[PDB]
Amino acid sequence: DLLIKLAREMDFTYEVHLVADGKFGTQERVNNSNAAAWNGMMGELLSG
Amino acid sequence: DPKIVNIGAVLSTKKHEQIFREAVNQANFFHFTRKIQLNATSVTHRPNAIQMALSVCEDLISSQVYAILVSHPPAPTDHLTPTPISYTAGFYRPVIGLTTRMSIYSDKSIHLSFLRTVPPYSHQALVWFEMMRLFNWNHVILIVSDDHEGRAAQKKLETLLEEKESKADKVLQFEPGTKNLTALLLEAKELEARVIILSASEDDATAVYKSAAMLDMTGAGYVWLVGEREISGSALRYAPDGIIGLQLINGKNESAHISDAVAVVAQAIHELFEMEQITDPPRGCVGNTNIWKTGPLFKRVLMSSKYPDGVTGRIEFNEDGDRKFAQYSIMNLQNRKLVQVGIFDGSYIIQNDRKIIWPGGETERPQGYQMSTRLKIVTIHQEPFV
Amino acid sequence: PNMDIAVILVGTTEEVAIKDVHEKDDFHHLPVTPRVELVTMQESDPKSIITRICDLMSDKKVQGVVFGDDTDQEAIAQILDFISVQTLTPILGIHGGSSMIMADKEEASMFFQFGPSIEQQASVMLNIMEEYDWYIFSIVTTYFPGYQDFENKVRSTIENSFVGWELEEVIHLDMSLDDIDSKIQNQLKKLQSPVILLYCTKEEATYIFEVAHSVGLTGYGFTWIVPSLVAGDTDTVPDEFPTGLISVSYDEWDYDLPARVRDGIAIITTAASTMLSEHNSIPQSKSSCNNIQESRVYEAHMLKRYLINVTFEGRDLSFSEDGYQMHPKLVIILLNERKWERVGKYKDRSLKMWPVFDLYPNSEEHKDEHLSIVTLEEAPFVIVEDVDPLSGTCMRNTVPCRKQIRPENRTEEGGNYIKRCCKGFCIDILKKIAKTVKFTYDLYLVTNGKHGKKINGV
Amino acid sequence: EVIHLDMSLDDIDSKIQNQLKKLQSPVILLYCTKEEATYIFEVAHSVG
């Protein structure tokens, strides 16, 4: 209902999508293969 | 009698060696010589690496040379690069490049005492930054291969954008040799940014033109920014009419690089022999174990060279020993032909009287690079909320 | 089959007492039988190297080239890479110019060295700075090629671990111009951290320490740390280096050269035997020098997959994808008569501090002797908890309390030392007063006798 | 802490400078003479 209110108070188009799992910021603490990691979550906004 | 000093050089055809020997004779005339005498000693590129190393140790090192030049092997293919040749002088601490365009020579690990007077491909990215000053761009997409050139161009573009100005979106990488690259066009098309900057070789750029051509991605709004390896050879007929290209001024037959090279080296010798210890290189590669003490000093004198009235323009080195104030030419493909639309002298880009044509049939660049009204919404999974 | 394995030795050291190896004949359980062919070289030059490699290659069909010298010229090692361009032979570096690392090599070359990379040295420095509780640090880097992955490795490491680090600013200094315009001093005058890292070379480190001798960074409260390529040789000790410089380097002491050659032959023979024992199909040997257009197709990169996970004598003596040893035998030396003396041995992941005292500040003056504390597992006064096997080290303020037990095996006792982590009210008060009065102590429990009581008459 | 400085030898062992570098206060008092104050201000001008 908040998305409908903000959708009618502003002229734009929306598309709600459901996210599955992976909501913890990705704490790369387990020794994978002694390589270099990169921020892929934390904020959770820029995937694509 | 003046001291006989030798200068090493690695050239290709005999004509270039004649221009080198003539440039040494002119260097011994235009410069005041009271105690030194330059000597011309140049060899040719050999198809064998061992025969080339023995040719340097029995031709160049045996003559006790100080500065050694290098160009490019006259071969249509690429399988034996002259980079190991630069390792030879690495045993005796300087090699100056003339046609080296790869950014791998920009590093100082395997190229300690290696300086070049030719702007590589990474410097072209700087010109690309100047493009961001023309139409005021923001979100750009850099699509490079998975090698050292893509990492060097990525660190260079990231270094240029270190202030609070414009940033990067997503950098795409691909293995050089894969034709099925539709996922790169799908993920690149899904992203809001449309400024595509391609920097690869010919076979990769051909696959980008084919895969990007069979998906209808050359219309309005799509910008293709390439360099020089994407509008030459077999990658020219597949490129859309209106793609922004580049062209280095005086690509073939660079006599000014040889003449100005002997001028800068001669200035570094006549000026270097006016301080005081100045050791001498050993005789050949036999019975010589010690290194050269005048290495970083000779590289320092070669780097601190200024020629505002030179033939090529303004010879000046930077902190990495590369070429400053590059001279390029912004080209554009119009009706299956490369029409000159701009030139780059070194400081700013100067356009001629030809109007820039876009591949999407457009003639005027809009203000905003990309804008729409589609907004994606994401949320979590909760019973009382969603 | 008898495969030729040549060992090139460069230096004035007598090879008579070196080539005599007794680890052959009886140690040929594998179907392939190798043979050692050691050669000498008294002239350090690329012409003699290429001459002996080409002439020795055309004379004897060798498979594994093992080069080793005792100089400090890494460029010669690059020349070895050139040999790969003509041979693609797995060259192993044990000592000498082939001991230094080189970031970003050729993906097709087979150059493998025993030099510790910056990722391992950075982890060792972070472990040393972690055991002594050094949260605040100041990193000083220059224009040396390899600082981006260093600062991004330190930042990326401290931004994820549970240890609460504190990064002041990573400054940068220039060496192309002398400090005459008052800039380097202005950048070095804002460093108030108990530990300062340095990432540069040698002639640059002499100038950084020369200016730092006048700025005020080489005294009490401050401690500089340099890796391995900064100190270099331990014999040349200049004067500008202050007292107290924890530097990591290679052991090159207890590890004997014949053991290095034996390990190299074991790795080359083992990796050359895994393909024959698994794939059951191996190509021919190496061709001559310039004959590369015919033998360029017989080379297979699958052996590279056998050059990453290599086991020998149970220990994890393997390598990585970059071309270096996974677990390098590192040593930590400290500069005092101004001589580099060893203080600890970093193995696998744990660090051993035995040939030196655990307390970093010396007691030669300030305080003397120490103090031992013994208690018992009491309800609200001393809570004893076993150490977690996932890490093996007490965390936060949990005091590592040892325990001396004797395994009563029927009619024979032993001497086991089980270490646990103690925490409670006594740990809190003794740590609060211990931090205030500033002294070293110990903590252990009682395994026999418990509380004092009367026995007969004593 | 109230530090003490000895003026009888040129600062060559880096001790007085190490005693003056640990002064993190907006106000610093000085109690000496003139030729000693010229040297204290001379080193303090280089410390910061």
# chains A, B, ... in the order shown; residues from 1 in each chain; ligands from 1
>>> interface_residues(of="chain C", to="chain B", cutoff="7 Å", atoms="only C-alpha atoms", output="JSON, numbers by chain")
{"C": [43, 44, 45, 47, 75, 76, 79, 82, 145]}
>>> residues_around(residues="region 23-33 of chain C", least_positions_apart="2", cutoff="7 Å", atoms="only C-alpha atoms", output="list in words")
residues 1, 2, 3, 21, 35 and 273 of chain C
>>> write_last_selection(atoms="C-alpha atoms", output="short mmCIF file (atom, residue, chain, number, x, y, z; two decimals), in the first residue's frame")
data_model
loop_
_atom_site.label_atom_id
_atom_site.label_comp_id
_atom_site.auth_asym_id
_atom_site.auth_seq_id
_atom_site.Cartn_x
_atom_site.Cartn_y
_atom_site.Cartn_z
CA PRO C 1 62.70 -44.63 -17.77
CA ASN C 2 65.73 -42.62 -16.61
CA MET C 3 64.92 -38.91 -16.86
CA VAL C 21 73.75 -37.07 -2.50
CA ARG C 35 69.18 -39.15 -12.52
CA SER C 273 54.84 -39.14 -12.57
#
>>> interface_residues(of="chain C", to="chain A", cutoff="9 Å", atoms="only C-alpha atoms", output="list in words")
residues 153, 156, 160 and 161 of chain C
>>> select_by_dssp(residues="region 147-200 of chain B", states="strand (DSSP E or B)", output="ChimeraX atom specification")
/B:168,172,195-199
>>> interface_residues(of="chain D", to="chain C", cutoff="8 Å", atoms="only C-alpha atoms", output="list in words")
residues 14, 15, 17, 18, 21, 46, 47 and 48 of chain D
>>> interface_residues(of="chain B", to="chain A", cutoff="8 Å", atoms="only C-alpha atoms", output="ChimeraX atom specification")
/B:190-191,373-381
>>> select_by_dssp(residues="region 8-38 of chain D", states="alpha helix (DSSP H)", output="PDB file with N, CA, C and O atoms, in the first residue's frame")
ATOM      1  N   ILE D  16      65.921  14.124  23.345  1.00  0.00           N
ATOM      2  CA  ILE D  16      65.127  15.311  23.650  1.00  0.00           C
ATOM      3  C   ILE D  16      63.972  15.442  22.666  1.00  0.00           C
ATOM      4  O   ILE D  16      62.854  15.818  23.039  1.00  0.00           O
ATOM      5  N   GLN D  17      64.222  15.128  21.392  1.00  0.00           N
ATOM      6  CA  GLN D  17      63.155  15.166  20.399  1.00  0.00           C
ATOM      7  C   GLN D  17      62.099  14.106  20.686  1.00  0.00           C
ATOM      8  O   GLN D  17      60.904  14.333  20.459  1.00  0.00           O
ATOM      9  N   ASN D  18      62.519  12.942  21.189  1.00  0.00           N
ATOM     10  CA  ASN D  18      61.556  11.918  21.576  1.00  0.00           C
ATOM     11  C   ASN D  18      60.771  12.327  22.815  1.00  0.00           C
ATOM     12  O   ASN D  18      59.633  11.883  23.000  1.00  0.00           O
ATOM     13  N   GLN D  19      61.359  13.164  23.673  1.00  0.00           N
ATOM     14  CA  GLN D  19      60.636  13.687  24.824  1.00  0.00           C
ATOM     15  C   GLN D  19      59.702  14.832  24.455  1.00  0.00           C
ATOM     16  O   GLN D  19      58.721  15.065  25.169  1.00  0.00           O
ATOM     17  N   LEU D  20      59.981  15.543  23.362  1.00  0.00           N
ATOM     18  CA  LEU D  20      59.134  16.645  22.930  1.00  0.00           C
ATOM     19  C   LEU D  20      58.066  16.225  21.930  1.00  0.00           C
ATOM     20  O   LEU D  20      57.092  16.963  21.740  1.00  0.00           O
ATOM     21  N   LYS D  34      67.336  31.780  27.756  1.00  0.00           N
ATOM     22  CA  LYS D  34      67.329  32.234  26.369  1.00  0.00           C
ATOM     23  C   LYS D  34      68.019  31.364  25.325  1.00  0.00           C
ATOM     24  O   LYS D  34      67.379  30.926  24.364  1.00  0.00           O
ATOM     25  N   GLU D  35      69.318  31.101  25.493  1.00  0.00           N
ATOM     26  CA  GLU D  35      70.030  30.256  24.539  1.00  0.00           C
ATOM     27  C   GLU D  35      69.481  28.835  24.534  1.00  0.00           C
ATOM     28  O   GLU D  35      69.593  28.130  23.524  1.00  0.00           O
ATOM     29  N   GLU D  36      68.886  28.397  25.645  1.00  0.00           N
ATOM     30  CA  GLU D  36      68.218  27.101  25.665  1.00  0.00           C
ATOM     31  C   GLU D  36      66.866  27.169  24.968  1.00  0.00           C
ATOM     32  O   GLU D  36      66.462  26.216  24.292  1.00  0.00           O
ATOM     33  N   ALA D  37      66.155  28.292  25.117  1.00  0.00           N
ATOM     34  CA  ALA D  37      64.873  28.451  24.439  1.00  0.00           C
ATOM     35  C   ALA D  37      65.041  28.537  22.930  1.00  0.00           C
ATOM     36  O   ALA D  37      64.147  28.123  22.183  1.00  0.00           O
ATOM     37  N   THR D  38      66.172  29.073  22.460  1.00  0.00           N
ATOM     38  CA  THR D  38      66.421  29.114  21.023  1.00  0.00           C
ATOM     39  C   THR D  38      66.601  27.712  20.454  1.00  0.00           C
ATOM     40  O   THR D  38      66.180  27.436  19.324  1.00  0.00           O
TER      41      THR D  38
END
>>> residues_around(residues="region 100-113 of chain C", least_positions_apart="4", cutoff="9 Å", atoms="only C-alpha atoms", output="ChimeraX atom specification")
/B:109-110,148 /C:72-74,77-78,80-82,84-85,88-96,117-118,145-146,229,301,304,319,322-325
>>> write_last_selection(atoms="N, CA, C and O atoms", output="CSV table (one decimal), in the first residue's frame")
chain,number,residue,atom,x,y,z
B,109,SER,N,58.3,-3.4,-13.0
B,109,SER,CA,58.8,-4.6,-12.5
B,109,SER,C,59.7,-5.4,-13.4
B,109,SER,O,60.9,-5.6,-13.0
B,110,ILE,N,59.3,-5.7,-14.6
B,110,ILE,CA,60.1,-6.4,-15.6
B,110,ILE,C,60.7,-5.3,-16.5
B,110,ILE,O,61.6,-5.7,-17.3
B,148,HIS,N,46.5,-8.3,-19.4
B,148,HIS,CA,47.1,-7.2,-18.7
B,148,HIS,C,46.7,-5.8,-19.2
B,148,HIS,O,46.8,-4.8,-18.5
C,72,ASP,N,72.2,-11.2,-5.6
C,72,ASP,CA,71.0,-10.4,-5.3
C,72,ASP,C,70.6,-9.6,-6.6
C,72,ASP,O,70.4,-8.4,-6.5
C,73,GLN,N,70.5,-10.4,-7.7
C,73,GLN,CA,70.1,-9.8,-9.0
C,73,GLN,C,68.8,-10.6,-9.4
C,73,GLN,O,68.9,-11.7,-9.9
C,74,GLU,N,67.7,-9.9,-9.3
C,74,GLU,CA,66.4,-10.6,-9.7
C,74,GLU,C,66.2,-10.6,-11.2
C,74,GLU,O,65.5,-11.5,-11.8
C,77,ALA,N,66.8,-13.8,-12.9
C,77,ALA,CA,65.7,-14.7,-12.8
C,77,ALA,C,64.7,-14.5,-13.9
C,77,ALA,O,64.2,-15.5,-14.5
C,78,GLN,N,64.5,-13.2,-14.3
C,78,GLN,CA,63.7,-12.9,-15.5
C,78,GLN,C,64.3,-13.6,-16.7
C,78,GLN,O,63.5,-14.1,-17.6
C,80,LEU,N,65.7,-16.4,-16.8
C,80,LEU,CA,65.2,-17.8,-16.7
C,80,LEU,C,63.8,-17.9,-17.3
C,80,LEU,O,63.5,-18.9,-18.0
C,81,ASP,N,63.0,-16.9,-17.1
C,81,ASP,CA,61.7,-16.9,-17.7
C,81,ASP,C,61.8,-16.9,-19.2
C,81,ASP,O,61.0,-17.6,-19.9
C,82,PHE,N,62.8,-16.2,-19.7
C,82,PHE,CA,63.1,-16.3,-21.2
C,82,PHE,C,63.3,-17.7,-21.6
C,82,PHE,O,62.9,-18.1,-22.7
C,84,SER,N,62.0,-20.3,-20.4
C,84,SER,CA,60.7,-20.9,-20.6
C,84,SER,C,60.1,-20.6,-21.9
C,84,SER,O,59.5,-21.4,-22.6
C,85,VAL,N,60.3,-19.3,-22.4
C,85,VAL,CA,59.8,-18.9,-23.7
C,85,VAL,C,60.3,-19.9,-24.8
C,85,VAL,O,59.7,-20.0,-25.8
C,88,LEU,N,59.5,-23.8,-21.9
C,88,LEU,CA,58.4,-24.1,-21.1
C,88,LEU,C,58.7,-25.2,-20.0
C,88,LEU,O,57.8,-26.0,-19.7
C,89,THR,N,59.9,-25.1,-19.5
C,89,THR,CA,60.4,-26.1,-18.5
C,89,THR,C,60.1,-25.6,-17.1
C,89,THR,O,60.4,-24.4,-16.8
C,90,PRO,N,59.5,-26.4,-16.2
C,90,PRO,CA,59.3,-25.9,-14.8
C,90,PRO,C,60.6,-25.6,-14.1
C,90,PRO,O,61.2,-26.6,-13.6
C,91,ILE,N,60.9,-24.4,-14.0
C,91,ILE,CA,62.1,-23.9,-13.3
C,91,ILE,C,61.8,-23.6,-11.9
C,91,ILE,O,60.9,-22.8,-11.6
C,92,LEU,N,62.5,-24.2,-10.9
C,92,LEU,CA,62.3,-24.0,-9.5
C,92,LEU,C,63.4,-23.2,-8.9
C,92,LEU,O,64.6,-23.4,-9.2
C,93,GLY,N,63.0,-22.2,-8.2
C,93,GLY,CA,64.0,-21.3,-7.5
C,93,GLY,C,64.1,-21.6,-6.0
C,93,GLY,O,63.1,-21.6,-5.3
C,94,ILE,N,65.4,-21.9,-5.6
C,94,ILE,CA,65.6,-22.3,-4.2
C,94,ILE,C,66.4,-21.2,-3.5
C,94,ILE,O,66.1,-20.9,-2.3
C,95,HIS,N,67.4,-20.6,-4.1
C,95,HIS,CA,68.2,-19.6,-3.5
C,95,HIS,C,68.9,-18.8,-4.6
C,95,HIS,O,69.3,-19.3,-5.7
C,96,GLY,N,69.2,-17.5,-4.3
C,96,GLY,CA,69.9,-16.6,-5.2
C,96,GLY,C,69.0,-15.6,-5.9
C,96,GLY,O,67.9,-15.3,-5.4
C,117,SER,N,55.2,-14.1,-1.3
C,117,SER,CA,54.5,-13.0,-1.9
C,117,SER,C,54.1,-11.9,-0.9
C,117,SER,O,54.3,-12.1,0.3
C,118,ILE,N,53.6,-10.8,-1.4
C,118,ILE,CA,53.2,-9.7,-0.5
C,118,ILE,C,51.9,-10.1,0.3
C,118,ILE,O,51.7,-9.6,1.4
C,145,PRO,N,56.2,-0.6,-7.4
C,145,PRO,CA,55.1,-1.3,-8.1
C,145,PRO,C,54.6,-2.5,-7.2
C,145,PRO,O,55.3,-3.5,-7.1
C,146,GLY,N,53.5,-2.3,-6.6
C,146,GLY,CA,52.9,-3.4,-5.8
C,146,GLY,C,52.3,-2.9,-4.5
C,146,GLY,O,52.3,-3.6,-3.5
C,229,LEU,N,62.2,-7.4,1.0
C,229,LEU,CA,63.0,-6.7,0.0
C,229,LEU,C,63.5,-5.4,0.4
C,229,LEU,O,64.3,-4.8,-0.3
C,301,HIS,N,49.4,-28.2,-21.1
C,301,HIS,CA,49.3,-27.4,-19.9
C,301,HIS,C,48.6,-28.1,-18.8
C,301,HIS,O,48.5,-27.6,-17.7
C,304,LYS,N,50.2,-28.3,-15.4
C,304,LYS,CA,50.0,-27.1,-14.6
C,304,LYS,C,49.1,-27.4,-13.4
C,304,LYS,O,49.3,-27.0,-12.3
C,319,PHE,N,52.0,-25.5,-4.0
C,319,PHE,CA,52.2,-24.2,-4.5
C,319,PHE,C,50.8,-23.6,-4.8
C,319,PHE,O,49.8,-24.1,-4.3
C,322,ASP,N,49.7,-18.6,-8.7
C,322,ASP,CA,50.5,-17.5,-9.2
C,322,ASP,C,51.9,-18.0,-9.5
C,322,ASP,O,52.6,-17.4,-10.4
C,323,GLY,N,52.4,-19.1,-8.9
C,323,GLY,CA,53.7,-19.6,-9.2
C,323,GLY,C,54.7,-19.5,-8.0
C,323,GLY,O,55.9,-19.3,-8.2
C,324,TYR,N,54.2,-19.6,-6.8
C,324,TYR,CA,55.0,-19.5,-5.6
C,324,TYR,C,54.6,-20.5,-4.6
C,324,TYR,O,53.5,-21.2,-4.8
C,325,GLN,N,55.4,-20.7,-3.6
C,325,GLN,CA,55.2,-21.8,-2.6
C,325,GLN,C,54.0,-21.3,-1.7
C,325,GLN,O,53.9,-20.2,-1.3
>>> residues_around(residues="residue 305 (chain B)", least_positions_apart="2", cutoff="9 Å", atoms="only C-alpha atoms", output="ChimeraX atom specification")
/B:264,267-268,301-303,307,315-317
>>> atom_distance(atom1="CA of residue 3 (chain B)", atom2="CA of residue 261 (chain B)")
21.0 Å
